[PDB]
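Data first, discussion second: the structure below is written as structure tokens.
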Amino acid sequence: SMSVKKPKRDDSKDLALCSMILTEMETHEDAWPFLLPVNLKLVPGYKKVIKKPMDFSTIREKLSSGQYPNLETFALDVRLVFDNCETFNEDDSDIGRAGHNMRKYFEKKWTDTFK
């Protein structure tokens, strides 16, 4: 509350560390469905169904341009990518499995880096 604060967590490295995590996601072999925005002209249903498209390249641009106020808003966009993927793709598909693998990969990096 006013003039009553928890001890100040050092957040000065968060930007760099989220960048490294994102690099590692970008270079994972199963990243291919998530590297670029889904092409809304060429993928019937996507525009109407997925209200908030997100992809790694869009996260990278947001990150590099100071559009994440904190590390939680960054994790929310990463998770959005996988939530979208689950919304549109059957679990038993290459893309569906890619999404599950990437989300696991992400969540471990996230825990190990920050928890």
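Some observations on this one:
- Condition broken by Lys108, with the remaining ones in (1) part of a helix (DSSP H, G or I); (2) free of Cβ contacts under 8 Å to residues at least 40 places away in the same chain; (3) surrounded by 14 or more Cβ atoms within 10 Å (Cβ to Cβ); (4) not polar (S, T, N, Q) satisfied: (3)
- Residues (over 29 Å from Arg9 (Cα atoms), of a type outside the set (D, E, K, R) and touching a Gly at 6+ places or on another chain (Cβ under 7 Å)) located in the range 72-87: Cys85
- The conditions of being of a type in the set (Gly, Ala, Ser) and within 29 Å of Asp10 (Cα to Cα) are not met by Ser93.
- Listed by position, the helices (runs of 4 or more DSSP H) contained in the range 1-101 that have at least 2 residues being within 19 Å of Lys115 (Cα to Cα) are 14-27, 71-88.
- Flag if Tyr105 is of a type in the set (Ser, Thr, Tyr) and in contact with a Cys (Cβ under 8 Å, 6 or more places away or on another chain): no
- Residues in the range 10-39 that are of a type in the set (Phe, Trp, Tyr) and either exposed (fewer than 14 other Cβ atoms within 10 Å of the Cβ) or farther than 24 Å from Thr87 by Cβ (or both): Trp32 only.
- Lone unmet requirement of (1) within 13 Å of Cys18 (Cα to Cα); (2) acidic (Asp, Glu); (3) surrounded by 14 or more Cβ atoms within 10 Å (Cβ to Cβ) for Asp55: (1)
- The number of residues in the range 82-94 that are buried (at least 16 other Cβ atoms within 10 Å of the Cβ) and either within 14 Å of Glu29 (Cβ to Cβ) or in contact with a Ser or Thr (Cβ under 7 Å, 6 or more places away or on another chain) (or both) comes to 0.
Just so you know, all these numbers are worked out from the coordinates, no wet-lab data involved. Cβ: placed from backbone, ideal geometry, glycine included. Neighbour counts: every protein chain shown.
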